[PDB]
>>> print(open('input20.pdb').read())   # PDB, C-alpha atoms and all ligand atoms
ATOM      1  CA  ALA Q   2       1.424  -7.779  15.480  1.00  0.00           C
ATOM      2  CA  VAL Q   3       1.237  -4.568  13.431  1.00  0.00           C
ATOM      3  CA  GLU Q   4      -0.856  -4.931  10.262  1.00  0.00           C
ATOM      4  CA  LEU Q   5      -1.121  -2.623   7.265  1.00  0.00           C
ATOM      5  CA  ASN Q   6      -4.894  -2.125   7.106  1.00  0.00           C
ATOM      6  CA  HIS Q   7      -5.378   0.243   4.162  1.00  0.00           C
ATOM      7  CA  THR Q   8      -3.550   2.569   1.798  1.00  0.00           C
ATOM      8  CA  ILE Q   9      -4.689   5.163  -0.747  1.00  0.00           C
ATOM      9  CA  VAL Q  10      -3.889   4.997  -4.462  1.00  0.00           C
ATOM     10  CA  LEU Q  11      -4.577   8.166  -6.446  1.00  0.00           C
ATOM     11  CA  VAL Q  12      -5.988   7.639  -9.946  1.00  0.00           C
ATOM     12  CA  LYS Q  13      -7.650   9.649 -12.695  1.00  0.00           C
ATOM     13  CA  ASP Q  14     -10.921   7.728 -12.209  1.00  0.00           C
ATOM     14  CA  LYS Q  15     -11.364   5.715  -9.014  1.00  0.00           C
ATOM     15  CA  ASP Q  16     -14.236   3.640 -10.410  1.00  0.00           C
ATOM     16  CA  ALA Q  17     -12.425   2.853 -13.669  1.00  0.00           C
ATOM     17  CA  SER Q  18      -9.260   1.738 -11.870  1.00  0.00           C
ATOM     18  CA  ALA Q  19     -10.950  -0.188  -9.053  1.00  0.00           C
ATOM     19  CA  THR Q  20     -13.263  -2.016 -11.465  1.00  0.00           C
ATOM     20  CA  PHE Q  21     -10.406  -2.804 -13.863  1.00  0.00           C
ATOM     21  CA  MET Q  22      -8.384  -4.292 -10.999  1.00  0.00           C
ATOM     22  CA  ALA Q  23     -11.310  -6.181  -9.445  1.00  0.00           C
ATOM     23  CA  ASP Q  24     -12.367  -7.673 -12.788  1.00  0.00           C
ATOM     24  CA  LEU Q  25      -8.815  -8.630 -13.756  1.00  0.00           C
ATOM     25  CA  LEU Q  26      -7.907 -10.102 -10.359  1.00  0.00           C
ATOM     26  CA  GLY Q  27     -11.189 -12.027 -10.143  1.00  0.00           C
ATOM     27  CA  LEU Q  28     -12.428 -10.151  -7.060  1.00  0.00           C
ATOM     28  CA  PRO Q  29     -15.931  -8.896  -6.197  1.00  0.00           C
ATOM     29  CA  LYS Q  30     -17.017  -5.487  -7.409  1.00  0.00           C
ATOM     30  CA  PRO Q  31     -15.340  -2.674  -5.434  1.00  0.00           C
ATOM     31  CA  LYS Q  32     -17.278  -1.037  -2.617  1.00  0.00           C
ATOM     32  CA  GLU Q  33     -17.965   2.682  -2.642  1.00  0.00           C
ATOM     33  CA  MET Q  34     -17.039   4.309   0.685  1.00  0.00           C
ATOM     34  CA  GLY Q  35     -17.109   8.094   0.728  1.00  0.00           C
ATOM     35  CA  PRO Q  36     -14.631   9.396  -1.840  1.00  0.00           C
ATOM     36  CA  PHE Q  37     -13.075   5.936  -2.204  1.00  0.00           C
ATOM     37  CA  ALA Q  38     -13.563   2.855  -4.340  1.00  0.00           C
ATOM     38  CA  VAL Q  39     -12.391   0.057  -2.057  1.00  0.00           C
ATOM     39  CA  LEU Q  40     -10.501  -3.009  -3.318  1.00  0.00           C
ATOM     40  CA  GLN Q  41     -10.376  -5.541  -0.478  1.00  0.00           C
ATOM     41  CA  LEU Q  42      -7.511  -8.041  -0.553  1.00  0.00           C
ATOM     42  CA  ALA Q  43      -7.463 -11.326   1.331  1.00  0.00           C
ATOM     43  CA  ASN Q  44      -4.744 -10.479   3.884  1.00  0.00           C
ATOM     44  CA  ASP Q  45      -6.741  -7.880   5.852  1.00  0.00           C
ATOM     45  CA  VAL Q  46      -5.604  -4.941   3.715  1.00  0.00           C
ATOM     46  CA  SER Q  47      -7.567  -2.741   1.315  1.00  0.00           C
ATOM     47  CA  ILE Q  48      -6.541  -0.366  -1.454  1.00  0.00           C
ATOM     48  CA  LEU Q  49      -8.589   2.841  -1.392  1.00  0.00           C
ATOM     49  CA  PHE Q  50      -8.744   4.205  -4.935  1.00  0.00           C
ATOM     50  CA  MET Q  51      -9.340   7.964  -4.910  1.00  0.00           C
ATOM     51  CA  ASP Q  52      -9.843  10.531  -7.668  1.00  0.00           C
ATOM     52  CA  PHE Q  53      -6.749  12.655  -8.197  1.00  0.00           C
ATOM     53  CA  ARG Q  54      -7.587  16.318  -7.615  1.00  0.00           C
ATOM     54  CA  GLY Q  55      -4.155  17.776  -8.360  1.00  0.00           C
ATOM     55  CA  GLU Q  56      -3.174  19.589 -11.513  1.00  0.00           C
ATOM     56  CA  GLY Q  57      -0.356  17.526 -13.056  1.00  0.00           C
ATOM     57  CA  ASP Q  58      -0.194  13.864 -14.016  1.00  0.00           C
ATOM     58  CA  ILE Q  59      -0.397  10.770 -11.835  1.00  0.00           C
ATOM     59  CA  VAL Q  60       2.828   9.742 -10.123  1.00  0.00           C
ATOM     60  CA  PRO Q  61       2.845   5.991 -10.871  1.00  0.00           C
ATOM     61  CA  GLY Q  62       3.132   3.684  -7.888  1.00  0.00           C
ATOM     62  CA  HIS Q  63       3.631  -0.046  -7.479  1.00  0.00           C
ATOM     63  CA  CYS Q  64       1.271  -2.652  -6.021  1.00  0.00           C
ATOM     64  CA  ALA Q  65       2.179  -6.338  -6.154  1.00  0.00           C
ATOM     65  CA  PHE Q  66      -0.259  -9.151  -5.429  1.00  0.00           C
ATOM     66  CA  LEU Q  67       0.482 -12.691  -4.249  1.00  0.00           C
ATOM     67  CA  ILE Q  68      -1.942 -15.188  -5.789  1.00  0.00           C
ATOM     68  CA  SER Q  69      -2.386 -18.928  -6.140  1.00  0.00           C
ATOM     69  CA  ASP Q  70      -1.260 -20.937  -9.159  1.00  0.00           C
ATOM     70  CA  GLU Q  71      -4.827 -21.472 -10.381  1.00  0.00           C
ATOM     71  CA  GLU Q  72      -5.518 -17.750  -9.984  1.00  0.00           C
ATOM     72  CA  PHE Q  73      -2.454 -16.946 -12.103  1.00  0.00           C
ATOM     73  CA  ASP Q  74      -3.873 -19.091 -14.913  1.00  0.00           C
ATOM     74  CA  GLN Q  75      -7.195 -17.254 -14.617  1.00  0.00           C
ATOM     75  CA  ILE Q  76      -5.753 -13.738 -14.304  1.00  0.00           C
ATOM     76  CA  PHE Q  77      -3.103 -14.167 -16.997  1.00  0.00           C
ATOM     77  CA  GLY Q  78      -5.835 -15.707 -19.140  1.00  0.00           C
ATOM     78  CA  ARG Q  79      -7.795 -12.470 -18.814  1.00  0.00           C
ATOM     79  CA  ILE Q  80      -4.642 -10.477 -19.601  1.00  0.00           C
ATOM     80  CA  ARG Q  81      -4.145 -12.459 -22.815  1.00  0.00           C
ATOM     81  CA  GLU Q  82      -7.784 -12.543 -23.927  1.00  0.00           C
ATOM     82  CA  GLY Q  83      -8.234  -8.843 -23.168  1.00  0.00           C
ATOM     83  CA  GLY Q  84      -5.139  -7.784 -25.092  1.00  0.00           C
ATOM     84  CA  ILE Q  85      -3.695  -6.196 -21.953  1.00  0.00           C
ATOM     85  CA  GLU Q  86      -0.100  -5.078 -22.404  1.00  0.00           C
ATOM     86  CA  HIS Q  87       2.153  -6.893 -19.956  1.00  0.00           C
ATOM     87  CA  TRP Q  88       5.812  -7.365 -19.056  1.00  0.00           C
ATOM     88  CA  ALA Q  89       7.953  -9.887 -17.212  1.00  0.00           C
ATOM     89  CA  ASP Q  90       9.902  -7.183 -15.342  1.00  0.00           C
ATOM     90  CA  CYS Q  91       9.302  -4.085 -13.237  1.00  0.00           C
ATOM     91  CA  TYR Q  92      11.130  -1.831 -15.720  1.00  0.00           C
ATOM     92  CA  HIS Q  93       9.042  -3.117 -18.669  1.00  0.00           C
ATOM     93  CA  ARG Q  94      12.077  -4.184 -20.707  1.00  0.00           C
ATOM     94  CA  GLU Q  95      10.623  -7.682 -21.308  1.00  0.00           C
ATOM     95  CA  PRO Q  96       7.239  -7.094 -22.975  1.00  0.00           C
ATOM     96  CA  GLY Q  97       4.821  -9.902 -23.724  1.00  0.00           C
ATOM     97  CA  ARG Q  98       6.526 -12.351 -21.361  1.00  0.00           C
ATOM     98  CA  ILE Q  99       6.105 -13.707 -17.851  1.00  0.00           C
ATOM     99  CA  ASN Q 100       8.839 -14.332 -15.309  1.00  0.00           C
ATOM    100  CA  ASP Q 101       9.607 -17.555 -13.438  1.00  0.00           C
ATOM    101  CA  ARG Q 102      11.336 -16.065 -10.387  1.00  0.00           C
ATOM    102  CA  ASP Q 103      11.331 -17.926  -7.059  1.00  0.00           C
ATOM    103  CA  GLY Q 104      10.014 -21.120  -8.638  1.00  0.00           C
ATOM    104  CA  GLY Q 105       6.713 -19.416  -9.426  1.00  0.00           C
ATOM    105  CA  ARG Q 106       5.215 -17.230 -12.150  1.00  0.00           C
ATOM    106  CA  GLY Q 107       4.799 -13.471 -12.321  1.00  0.00           C
ATOM    107  CA  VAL Q 108       3.736 -10.735 -14.701  1.00  0.00           C
ATOM    108  CA  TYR Q 109       3.372  -6.950 -14.679  1.00  0.00           C
ATOM    109  CA  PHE Q 110       0.602  -4.790 -16.120  1.00  0.00           C
ATOM    110  CA  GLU Q 111      -0.867  -1.325 -15.663  1.00  0.00           C
ATOM    111  CA  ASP Q 112      -4.170   0.051 -14.469  1.00  0.00           C
ATOM    112  CA  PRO Q 113      -5.839   2.801 -16.548  1.00  0.00           C
ATOM    113  CA  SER Q 114      -3.819   5.468 -14.686  1.00  0.00           C
ATOM    114  CA  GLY Q 115      -0.449   3.829 -15.373  1.00  0.00           C
ATOM    115  CA  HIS Q 116       0.366   2.357 -11.970  1.00  0.00           C
ATOM    116  CA  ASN Q 117       2.816  -0.545 -12.098  1.00  0.00           C
ATOM    117  CA  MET Q 118       0.754  -3.565 -11.043  1.00  0.00           C
ATOM    118  CA  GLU Q 119       2.255  -7.009 -10.520  1.00  0.00           C
ATOM    119  CA  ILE Q 120       1.076 -10.541  -9.767  1.00  0.00           C
ATOM    120  CA  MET Q 121       3.243 -13.359  -8.408  1.00  0.00           C
ATOM    121  CA  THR Q 122       2.633 -16.926  -7.248  1.00  0.00           C
ATOM    122  CA  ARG Q 123       5.530 -17.248  -4.766  1.00  0.00           C
ATOM    123  CA  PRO Q 124       6.964 -14.835  -2.186  1.00  0.00           C
ATOM    124  CA  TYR Q 125       9.966 -12.861  -3.396  1.00  0.00           C
ATOM    125  CA  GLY Q 126      13.179 -14.561  -2.317  1.00  0.00           C
ATOM    126  CA  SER Q 127      11.531 -18.060  -2.196  1.00  0.00           C
TER     127      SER Q 127
ATOM    128  CA  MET E   1      -7.971 -18.997  -3.606  1.00  0.00           C
ATOM    129  CA  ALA E   2      -6.741 -15.698  -2.164  1.00  0.00           C
ATOM    130  CA  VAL E   3      -5.481 -12.481  -3.759  1.00  0.00           C
ATOM    131  CA  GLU E   4      -3.156 -10.794  -1.256  1.00  0.00           C
ATOM    132  CA  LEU E   5      -1.472  -7.410  -1.432  1.00  0.00           C
ATOM    133  CA  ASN E   6       2.159  -8.449  -1.013  1.00  0.00           C
ATOM    134  CA  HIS E   7       3.996  -5.126  -1.251  1.00  0.00           C
ATOM    135  CA  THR E   8       3.660  -1.491  -2.256  1.00  0.00           C
ATOM    136  CA  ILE E   9       6.145   1.349  -2.795  1.00  0.00           C
ATOM    137  CA  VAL E  10       6.107   4.600  -0.818  1.00  0.00           C
ATOM    138  CA  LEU E  11       8.283   7.374  -2.256  1.00  0.00           C
ATOM    139  CA  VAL E  12      10.156   9.513   0.294  1.00  0.00           C
ATOM    140  CA  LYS E  13      13.018  12.001   0.462  1.00  0.00           C
ATOM    141  CA  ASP E  14      15.149   9.519   2.445  1.00  0.00           C
ATOM    142  CA  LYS E  15      14.146   5.854   2.445  1.00  0.00           C
ATOM    143  CA  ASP E  16      16.352   5.040   5.435  1.00  0.00           C
ATOM    144  CA  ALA E  17      15.101   7.977   7.512  1.00  0.00           C
ATOM    145  CA  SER E  18      11.445   7.170   6.829  1.00  0.00           C
ATOM    146  CA  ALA E  19      11.705   3.390   7.190  1.00  0.00           C
ATOM    147  CA  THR E  20      13.701   3.663  10.423  1.00  0.00           C
ATOM    148  CA  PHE E  21      11.298   6.249  11.859  1.00  0.00           C
ATOM    149  CA  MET E  22       8.346   3.950  11.158  1.00  0.00           C
ATOM    150  CA  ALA E  23      10.045   0.761  12.378  1.00  0.00           C
ATOM    151  CA  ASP E  24      11.218   2.434  15.596  1.00  0.00           C
ATOM    152  CA  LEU E  25       7.810   4.001  16.241  1.00  0.00           C
ATOM    153  CA  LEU E  26       5.833   0.841  15.454  1.00  0.00           C
ATOM    154  CA  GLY E  27       8.192  -1.341  17.510  1.00  0.00           C
ATOM    155  CA  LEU E  28       9.400  -3.403  14.545  1.00  0.00           C
ATOM    156  CA  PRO E  29      12.904  -4.658  13.707  1.00  0.00           C
ATOM    157  CA  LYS E  30      15.197  -2.381  11.747  1.00  0.00           C
ATOM    158  CA  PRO E  31      14.156  -2.179   8.070  1.00  0.00           C
ATOM    159  CA  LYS E  32      15.770  -4.526   5.563  1.00  0.00           C
ATOM    160  CA  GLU E  33      17.838  -3.216   2.665  1.00  0.00           C
ATOM    161  CA  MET E  34      16.773  -4.665  -0.694  1.00  0.00           C
ATOM    162  CA  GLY E  35      18.157  -2.912  -3.751  1.00  0.00           C
ATOM    163  CA  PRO E  36      16.896   0.672  -3.818  1.00  0.00           C
ATOM    164  CA  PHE E  37      14.394  -0.107  -1.052  1.00  0.00           C
ATOM    165  CA  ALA E  38      14.224   0.004   2.718  1.00  0.00           C
ATOM    166  CA  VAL E  39      11.668  -2.692   3.519  1.00  0.00           C
ATOM    167  CA  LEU E  40       9.144  -2.385   6.367  1.00  0.00           C
ATOM    168  CA  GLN E  41       7.528  -5.797   6.893  1.00  0.00           C
ATOM    169  CA  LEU E  42       4.061  -5.841   8.447  1.00  0.00           C
ATOM    170  CA  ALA E  43       2.449  -8.833  10.107  1.00  0.00           C
ATOM    171  CA  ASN E  44      -0.286  -9.534   7.542  1.00  0.00           C
ATOM    172  CA  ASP E  45       2.055 -10.723   4.776  1.00  0.00           C
ATOM    173  CA  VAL E  46       2.518  -7.248   3.289  1.00  0.00           C
ATOM    174  CA  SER E  47       5.558  -4.955   3.158  1.00  0.00           C
ATOM    175  CA  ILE E  48       6.019  -1.253   2.478  1.00  0.00           C
ATOM    176  CA  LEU E  49       9.006  -0.581   0.207  1.00  0.00           C
ATOM    177  CA  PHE E  50      10.378   2.873   0.986  1.00  0.00           C
ATOM    178  CA  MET E  51      12.192   4.325  -2.021  1.00  0.00           C
ATOM    179  CA  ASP E  52      14.125   7.550  -2.543  1.00  0.00           C
ATOM    180  CA  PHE E  53      12.176  10.022  -4.665  1.00  0.00           C
ATOM    181  CA  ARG E  54      14.047  10.905  -7.876  1.00  0.00           C
ATOM    182  CA  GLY E  55      11.671  13.566  -9.206  1.00  0.00           C
ATOM    183  CA  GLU E  56      12.121  17.325  -9.037  1.00  0.00           C
ATOM    184  CA  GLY E  57       9.193  18.590  -6.952  1.00  0.00           C
ATOM    185  CA  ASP E  58       8.045  17.653  -3.469  1.00  0.00           C
ATOM    186  CA  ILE E  59       6.636  14.373  -2.193  1.00  0.00           C
ATOM    187  CA  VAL E  60       2.986  13.704  -2.983  1.00  0.00           C
ATOM    188  CA  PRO E  61       1.724  12.644   0.469  1.00  0.00           C
ATOM    189  CA  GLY E  62      -0.014   9.296   0.691  1.00  0.00           C
ATOM    190  CA  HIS E  63      -1.915   7.472   3.410  1.00  0.00           C
ATOM    191  CA  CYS E  64      -0.986   4.266   5.238  1.00  0.00           C
ATOM    192  CA  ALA E  65      -3.101   3.042   8.142  1.00  0.00           C
ATOM    193  CA  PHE E  66      -2.039   0.319  10.564  1.00  0.00           C
ATOM    194  CA  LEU E  67      -4.288  -1.903  12.683  1.00  0.00           C
ATOM    195  CA  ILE E  68      -2.740  -2.735  16.063  1.00  0.00           C
ATOM    196  CA  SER E  69      -3.730  -4.266  19.385  1.00  0.00           C
ATOM    197  CA  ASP E  70      -4.644  -2.301  22.502  1.00  0.00           C
ATOM    198  CA  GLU E  71      -1.322  -3.169  24.144  1.00  0.00           C
ATOM    199  CA  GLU E  72       0.538  -2.160  20.985  1.00  0.00           C
ATOM    200  CA  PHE E  73      -1.285   1.183  20.947  1.00  0.00           C
ATOM    201  CA  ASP E  74      -0.100   1.945  24.483  1.00  0.00           C
ATOM    202  CA  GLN E  75       3.483   1.190  23.434  1.00  0.00           C
ATOM    203  CA  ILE E  76       3.380   3.034  20.101  1.00  0.00           C
ATOM    204  CA  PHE E  77       1.445   6.054  21.366  1.00  0.00           C
ATOM    205  CA  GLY E  78       3.822   6.068  24.325  1.00  0.00           C
ATOM    206  CA  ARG E  79       6.684   6.556  21.869  1.00  0.00           C
ATOM    207  CA  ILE E  80       4.705   9.256  20.036  1.00  0.00           C
ATOM    208  CA  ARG E  81       4.307  11.144  23.323  1.00  0.00           C
ATOM    209  CA  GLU E  82       7.842  10.570  24.610  1.00  0.00           C
ATOM    210  CA  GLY E  83       9.399  11.517  21.266  1.00  0.00           C
ATOM    211  CA  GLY E  84       7.408  14.720  20.854  1.00  0.00           C
ATOM    212  CA  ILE E  85       5.945  13.447  17.584  1.00  0.00           C
ATOM    213  CA  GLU E  86       3.236  15.728  16.218  1.00  0.00           C
ATOM    214  CA  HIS E  87      -0.095  13.912  16.139  1.00  0.00           C
ATOM    215  CA  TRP E  88      -3.793  14.460  15.484  1.00  0.00           C
ATOM    216  CA  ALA E  89      -7.057  12.664  16.141  1.00  0.00           C
ATOM    217  CA  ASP E  90      -8.295  13.251  12.581  1.00  0.00           C
ATOM    218  CA  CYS E  91      -7.124  12.696   9.028  1.00  0.00           C
ATOM    219  CA  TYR E  92      -7.384  16.431   8.242  1.00  0.00           C
ATOM    220  CA  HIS E  93      -5.120  17.376  11.202  1.00  0.00           C
ATOM    221  CA  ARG E  94      -7.563  19.856  12.742  1.00  0.00           C
ATOM    222  CA  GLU E  95      -7.437  18.165  16.184  1.00  0.00           C
ATOM    223  CA  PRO E  96      -3.779  18.335  17.257  1.00  0.00           C
ATOM    224  CA  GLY E  97      -2.596  16.584  20.381  1.00  0.00           C
ATOM    225  CA  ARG E  98      -5.627  14.290  20.517  1.00  0.00           C
ATOM    226  CA  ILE E  99      -6.565  10.699  19.784  1.00  0.00           C
ATOM    227  CA  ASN E 100      -9.892   9.523  18.405  1.00  0.00           C
ATOM    228  CA  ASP E 101     -12.307   6.933  19.801  1.00  0.00           C
ATOM    229  CA  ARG E 102     -13.631   5.651  16.480  1.00  0.00           C
ATOM    230  CA  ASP E 103     -15.483   2.311  16.585  1.00  0.00           C
ATOM    231  CA  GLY E 104     -15.041   2.054  20.338  1.00  0.00           C
ATOM    232  CA  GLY E 105     -11.283   1.811  19.860  1.00  0.00           C
ATOM    233  CA  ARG E 106      -8.427   4.313  19.728  1.00  0.00           C
ATOM    234  CA  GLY E 107      -6.707   5.956  16.790  1.00  0.00           C
ATOM    235  CA  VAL E 108      -4.188   8.671  16.041  1.00  0.00           C
ATOM    236  CA  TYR E 109      -2.530  10.238  12.993  1.00  0.00           C
ATOM    237  CA  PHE E 110       1.085  11.317  12.533  1.00  0.00           C
ATOM    238  CA  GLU E 111       3.608  11.915   9.765  1.00  0.00           C
ATOM    239  CA  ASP E 112       6.832  10.319   8.621  1.00  0.00           C
ATOM    240  CA  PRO E 113       9.759  12.656   7.817  1.00  0.00           C
ATOM    241  CA  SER E 114       8.451  13.130   4.249  1.00  0.00           C
ATOM    242  CA  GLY E 115       4.944  14.136   5.338  1.00  0.00           C
ATOM    243  CA  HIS E 116       2.925  11.029   4.508  1.00  0.00           C
ATOM    244  CA  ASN E 117      -0.322  10.729   6.464  1.00  0.00           C
ATOM    245  CA  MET E 118       0.220   7.769   8.795  1.00  0.00           C
ATOM    246  CA  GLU E 119      -2.492   6.361  11.034  1.00  0.00           C
ATOM    247  CA  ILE E 120      -2.803   3.732  13.750  1.00  0.00           C
ATOM    248  CA  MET E 121      -6.077   2.250  14.980  1.00  0.00           C
ATOM    249  CA  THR E 122      -7.078  -0.500  17.403  1.00  0.00           C
ATOM    250  CA  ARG E 123     -10.378  -1.495  15.752  1.00  0.00           C
ATOM    251  CA  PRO E 124     -11.321  -1.953  12.086  1.00  0.00           C
ATOM    252  CA  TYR E 125     -13.201   0.926  10.503  1.00  0.00           C
ATOM    253  CA  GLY E 126     -16.939   0.392  10.825  1.00  0.00           C
ATOM    254  CA  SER E 127     -16.482  -1.872  13.917  1.00  0.00           C
TER     255      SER E 127
HETATM  256 FE    FE W 201       7.491  -5.913  -7.117  1.00  0.00          FE
HETATM  257 FE    FE W 202      -7.574   5.967   7.253  1.00  0.00          FE
END
>>> encode(input="input20.pdb", output="structure tokens", more="lines below")
Ligand SMILES: [Fe+3]
Ligand SMILES: [Fe+3]
Amino acid sequence: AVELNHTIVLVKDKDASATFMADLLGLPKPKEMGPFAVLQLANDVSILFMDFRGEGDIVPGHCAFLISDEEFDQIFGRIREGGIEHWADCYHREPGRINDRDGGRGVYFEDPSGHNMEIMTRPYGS
Amino acid sequence: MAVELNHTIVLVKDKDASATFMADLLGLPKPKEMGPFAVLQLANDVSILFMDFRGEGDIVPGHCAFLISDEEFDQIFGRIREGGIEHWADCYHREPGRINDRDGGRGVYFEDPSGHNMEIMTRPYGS
């Protein structure tokens, strides 16, 4: 069975983005590994945050996280208490709302570099 | 309690070309069409969503690394060899036509049609 083991996400500040995501998602502090700040997820995959060295701006990507119901209450609680801008939809046309797709709950937010981050409590499509 | 990475987007020139190349090479079923995405489902409850790049410049190459079994490596590397797919032992592509022996396992790097840095490995990094 072929697993996705790690992927790189380019950001303006790897420590700022990795720590923001770890704190918000309720995960341990990211590990420093060479030029990477490592965010380890539960399903044997890690995001390697790396400082962008190019000249222009960050090309925003998309990472979506599947979490438990209790974790949604905790993470969305930190979104609300921290005044973090959030949206119910990927295109950010529904600000300040959460979605109820697939019988679960979901919400979108951004890391400091503007990547489109998402949490969800049920797999897409049921 | 578990935060999982469920999916991530990879921008490419041709989502069907890249997703099919990866599925064929990795021995996976044909990618699934979902809206503007060609979906490559991996075993550990995570999918790569290939999406056509709409910008003006060239693709910013990313990095995706896949952990596979020893038997799967023989099959996948067999397709790399038989297909004449350019490959390297190292992330910087200075060792062409070689595989690495990192962590007592085997690993090799290659590219999708849009030039993303793809990697397969039989043992987790660091052991
Ligand atoms: Fe999504
Ligand atoms: Fe790697």
>>> closest_residue(input="input20.pdb", among="Q:48, Q:19, Q:43, Q:108", to="ligand FE 202 (chain W)", atoms="only C-alpha atoms and all ligand atoms")
Q:48
>>> interface_residues(input="input20.pdb", of="chain E", to="chain Q", cutoff="6 Å", atoms="all atoms listed in the file", output="ChimeraX atom specification")
/E:2-9,42-44,63-68
>>> resolve_selection(input="input20.pdb", expression="the PyMOL selection byres (((chain E and resi 77) around 12) and not hetatm)", output="PyMOL selection string")
chain E and resi 24-27+68-76+78-89+97-99+106-110+119-122
>>> resolve_selection(input="input20.pdb", expression="the PyMOL selection byres (((chain Q and resi 85) around 12) and not hetatm)", output="list in words")
residues 21, 25, 76, 77, 78, 79, 80, 81, 82, 83, 84, 86, 87, 88, 96, 97, 98, 108, 109, 110, 111, 112 and 113 of chain Q
>>> write_last_selection(input="input20.pdb", atoms="C-alpha atoms", output="compact mmCIF listing (two decimals), in the frame of the given file")
# COMPACT_ATOMS: atom_id res chain seq x y z
CA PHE Q 21 -10.41 -2.80 -13.86
CA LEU Q 25 -8.82 -8.63 -13.76
CA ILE Q 76 -5.75 -13.74 -14.30
CA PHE Q 77 -3.10 -14.17 -17.00
CA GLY Q 78 -5.84 -15.71 -19.14
CA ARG Q 79 -7.80 -12.47 -18.81
CA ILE Q 80 -4.64 -10.48 -19.60
CA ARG Q 81 -4.14 -12.46 -22.82
CA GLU Q 82 -7.78 -12.54 -23.93
CA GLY Q 83 -8.23 -8.84 -23.17
CA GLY Q 84 -5.14 -7.78 -25.09
CA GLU Q 86 -0.10 -5.08 -22.40
CA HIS Q 87 2.15 -6.89 -19.96
CA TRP Q 88 5.81 -7.36 -19.06
CA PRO Q 96 7.24 -7.09 -22.98
CA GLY Q 97 4.82 -9.90 -23.72
CA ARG Q 98 6.53 -12.35 -21.36
CA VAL Q 108 3.74 -10.74 -14.70
CA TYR Q 109 3.37 -6.95 -14.68
CA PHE Q 110 0.60 -4.79 -16.12
CA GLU Q 111 -0.87 -1.32 -15.66
CA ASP Q 112 -4.17 0.05 -14.47
CA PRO Q 113 -5.84 2.80 -16.55
>>> atom_distance(input="input20.pdb", atom1="atom CA of residue 16 of chain E", atom2="atom CA of residue 50 of chain E")
7.8 Å
>>> closest_residue(input="input20.pdb", among="E:95, E:58, E:52, E:90", to="ligand FE 202 (chain W)", atoms="only C-alpha atoms and all ligand atoms")
E:90
>>> residues_around(input="input20.pdb", residues="residue 90 of chain Q", least_positions_apart="3", cutoff="8 Å", atoms="only C-alpha atoms", output="PyMOL selection string")
chain Q and resi 93-95+99-100+108-109
>>> closest_residue(input="input20.pdb", among="E:53, E:34, E:91, E:62", to="ligand FE 201 (chain W)", atoms="only C-alpha atoms and all ligand atoms")
E:34
>>> decode(input="input20.pdb", residues="segment 109-122 of chain Q", atoms="N, CA and C atoms", output="PDB file, in the first residue's frame")
ATOM      1  N   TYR Q 109     -12.612  26.894   7.101  1.00  0.00           N
ATOM      2  CA  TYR Q 109     -11.389  27.262   6.413  1.00  0.00           C
ATOM      3  C   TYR Q 109     -10.737  28.446   7.112  1.00  0.00           C
ATOM      4  N   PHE Q 110      -9.414  28.495   7.040  1.00  0.00           N
ATOM      5  CA  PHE Q 110      -8.638  29.594   7.598  1.00  0.00           C
ATOM      6  C   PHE Q 110      -7.315  29.637   6.847  1.00  0.00           C
ATOM      7  N   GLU Q 111      -6.488  30.623   7.171  1.00  0.00           N
ATOM      8  CA  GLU Q 111      -5.210  30.781   6.499  1.00  0.00           C
ATOM      9  C   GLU Q 111      -4.074  30.772   7.509  1.00  0.00           C
ATOM     10  N   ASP Q 112      -2.927  30.270   7.071  1.00  0.00           N
ATOM     11  CA  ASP Q 112      -1.695  30.422   7.823  1.00  0.00           C
ATOM     12  C   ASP Q 112      -1.126  31.808   7.542  1.00  0.00           C
ATOM     13  N   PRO Q 113      -0.055  32.210   8.237  1.00  0.00           N
ATOM     14  CA  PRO Q 113       0.496  33.558   8.006  1.00  0.00           C
ATOM     15  C   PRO Q 113       0.895  33.842   6.565  1.00  0.00           C
ATOM     16  N   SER Q 114       1.194  32.822   5.761  1.00  0.00           N
ATOM     17  CA  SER Q 114       1.589  33.035   4.374  1.00  0.00           C
ATOM     18  C   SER Q 114       0.422  32.973   3.396  1.00  0.00           C
ATOM     19  N   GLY Q 115      -0.802  32.769   3.876  1.00  0.00           N
ATOM     20  CA  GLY Q 115      -1.964  32.820   3.016  1.00  0.00           C
ATOM     21  C   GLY Q 115      -2.378  31.508   2.390  1.00  0.00           C
ATOM     22  N   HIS Q 116      -1.814  30.389   2.827  1.00  0.00           N
ATOM     23  CA  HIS Q 116      -2.277  29.098   2.341  1.00  0.00           C
ATOM     24  C   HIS Q 116      -3.694  28.830   2.821  1.00  0.00           C
ATOM     25  N   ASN Q 117      -4.462  28.138   1.983  1.00  0.00           N
ATOM     26  CA  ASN Q 117      -5.862  27.844   2.276  1.00  0.00           C
ATOM     27  C   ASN Q 117      -5.913  26.569   3.107  1.00  0.00           C
ATOM     28  N   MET Q 118      -6.052  26.726   4.419  1.00  0.00           N
ATOM     29  CA  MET Q 118      -6.132  25.604   5.341  1.00  0.00           C
ATOM     30  C   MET Q 118      -7.590  25.294   5.654  1.00  0.00           C
ATOM     31  N   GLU Q 119      -7.859  24.026   5.951  1.00  0.00           N
ATOM     32  CA  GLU Q 119      -9.222  23.550   6.133  1.00  0.00           C
ATOM     33  C   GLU Q 119      -9.239  22.451   7.184  1.00  0.00           C
ATOM     34  N   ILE Q 120     -10.267  22.453   8.034  1.00  0.00           N
ATOM     35  CA  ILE Q 120     -10.520  21.327   8.925  1.00  0.00           C
ATOM     36  C   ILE Q 120     -11.923  20.801   8.656  1.00  0.00           C
ATOM     37  N   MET Q 121     -12.103  19.503   8.897  1.00  0.00           N
ATOM     38  CA  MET Q 121     -13.339  18.789   8.609  1.00  0.00           C
ATOM     39  C   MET Q 121     -13.455  17.626   9.584  1.00  0.00           C
ATOM     40  N   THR Q 122     -14.689  17.277   9.955  1.00  0.00           N
ATOM     41  CA  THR Q 122     -14.892  16.170  10.883  1.00  0.00           C
ATOM     42  C   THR Q 122     -15.348  14.880  10.210  1.00  0.00           C
TER      43      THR Q 122
END
